[PDB]
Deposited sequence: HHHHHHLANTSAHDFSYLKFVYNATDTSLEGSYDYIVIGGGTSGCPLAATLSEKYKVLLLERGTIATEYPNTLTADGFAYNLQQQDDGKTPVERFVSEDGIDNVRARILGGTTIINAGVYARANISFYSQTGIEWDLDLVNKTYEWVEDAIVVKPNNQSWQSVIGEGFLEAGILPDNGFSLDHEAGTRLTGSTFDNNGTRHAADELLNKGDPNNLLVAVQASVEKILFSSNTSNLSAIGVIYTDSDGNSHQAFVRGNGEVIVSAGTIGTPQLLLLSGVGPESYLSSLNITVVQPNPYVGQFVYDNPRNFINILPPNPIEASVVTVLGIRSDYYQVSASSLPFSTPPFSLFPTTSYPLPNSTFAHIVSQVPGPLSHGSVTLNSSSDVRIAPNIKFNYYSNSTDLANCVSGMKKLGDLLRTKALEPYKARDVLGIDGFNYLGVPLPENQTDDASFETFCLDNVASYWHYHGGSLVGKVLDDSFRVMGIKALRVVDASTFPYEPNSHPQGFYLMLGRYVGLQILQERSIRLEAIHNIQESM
């Protein structure tokens, strides 16, 4: 298959880039650069590597390097990082939305690709025309291949993923797409950023494609403020190191500051810097640099709804590789060992029953979603104090209708011959399964189930939307030399699993920056 000749193979996680990674305590990192990228995450790492092909780049990341937390480097360690308590330095930062749903974000060089579930997919090909951005579609595809050559494999067979795939097909999630990276209706094996040795590959490895003479990375660099000219332009940043001391770095000439701090971090930093809704910022006595009513608005979290089955015989743990895709729901299942310490946010609250045997977590994702909320500041000065985030799950009735459809399809899945061997009782109904937590239930019972048992899919996005805060080149409207590139930029998903899109986007926008400059 020509289209997959380029995929990565099994290999150790490549930390060669550590040769140009430095502690933010090093004041010799202060000074002038062509580009400053804020946030060494999913988009930020390939963006910085791409810009460094020609220009001097400083990448600033608030977390440390992944070697400090070895359980981020294997598939087997996924649960560990979520189970670990948040001490302010760990790679997983815990939060709770104002809705009451537990959640996490990354705090580590590599961003959320260092802690995530590894599922790799390209964007739904209809996404590009939906946005109305004049994408260079040939370049988009070359850029996917540049990412995939470094960190994406074709997964080997896993017994539970194959069971689930046979079930999806039997339940009518057709056609059978075989192995494919593309987000299309039907059932498929997709790519993974875990290799077939279980080694995690991630966005930090794309730093190895940067020019080591041009790229500098500062870790434990907490960026507190974007600095502006006194024609409004961004000119630099203030960041603090792990000892608390402050540092300043600037861009020069035709260079630019790009914010890649994520759905949560990018609106927070813009607001702290005086870019945002005029009445809101004035009410905090933050001087407004650029009024924009949409900074931190239109923030989205696709709902996750789920059931857990406890088979009467052990099943093998698996990472998610098999996807069942419809336009109105995206479905997967993971199989897991039992645990006595919960992975935080796997279930939506800390008071959720613990599994004492192996279990299958069977999941459906609402597309969009159409419900939205906001990011607002908790502290008007301290970037290390997490902002308030509210998603307003199921405020839009279309989301609820789509959850009902997805839950009914999970019922179909539980009724397949594929899943029958995992029932505890060989009775006709799906009550023959043993359930951890709430089992599946007319639509009123499904609506109640959807509302009561919702969790985060962890695929939140928005807050600095193209068309509201940014133009089609990802520039902050009204401000020269300032862009935003990360998941804050779009109001809908590109697909069921967006890391592949945001990895591509980092390099793609970097190439656009370089081309505009030439």
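In this chain the deposited sequence has gaps in the coordinates at 231 to 233, 445 to 448, 526 to 538, listed in sequence order.
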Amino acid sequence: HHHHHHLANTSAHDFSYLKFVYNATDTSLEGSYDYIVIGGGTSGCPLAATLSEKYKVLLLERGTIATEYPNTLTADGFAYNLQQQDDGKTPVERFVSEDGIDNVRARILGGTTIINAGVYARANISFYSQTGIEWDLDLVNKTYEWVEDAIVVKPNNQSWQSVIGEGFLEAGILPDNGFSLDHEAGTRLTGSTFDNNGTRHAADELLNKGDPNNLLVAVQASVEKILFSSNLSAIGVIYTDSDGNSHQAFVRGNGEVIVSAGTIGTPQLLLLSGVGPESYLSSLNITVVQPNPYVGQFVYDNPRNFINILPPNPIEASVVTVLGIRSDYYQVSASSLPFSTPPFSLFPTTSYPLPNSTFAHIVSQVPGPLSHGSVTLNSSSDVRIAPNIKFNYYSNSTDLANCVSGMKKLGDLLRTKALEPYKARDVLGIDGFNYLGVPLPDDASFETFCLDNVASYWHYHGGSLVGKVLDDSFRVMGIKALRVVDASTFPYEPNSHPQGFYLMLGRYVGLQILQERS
From here on, numbers count along this sequence of modelled residues.
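Averaged over their C-alpha atoms, the temperature factors of 349 to 357 and 133 to 141 are higher for 349 to 357. 215 to 223 and 381 to 389 differ in mean CA B-factor, and the higher of the two is recorded for 381 to 389. Of the candidates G373, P312, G191, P293, the PDB record gives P312 the highest C-alpha temperature factor. Annotation for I238, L414, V259, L206: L414 ranks highest, by Cα B-factor. Ranked by Cα temperature factor within the chain, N9 sits in the highest third according to the deposited record. In the deposited entry, the Cα temperature factor of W146 places it in the middle third of its chain's modelled residues. When all modelled residues of the chain are sorted by CA temperature factor, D195 is found within the middle third. The entry lists a Cα temperature factor for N254 that places it in the middle third of the chain's modelled residues. Placement of the Cα temperature factor of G110 within the chain: lowest third of the modelled residues, per the deposited record.
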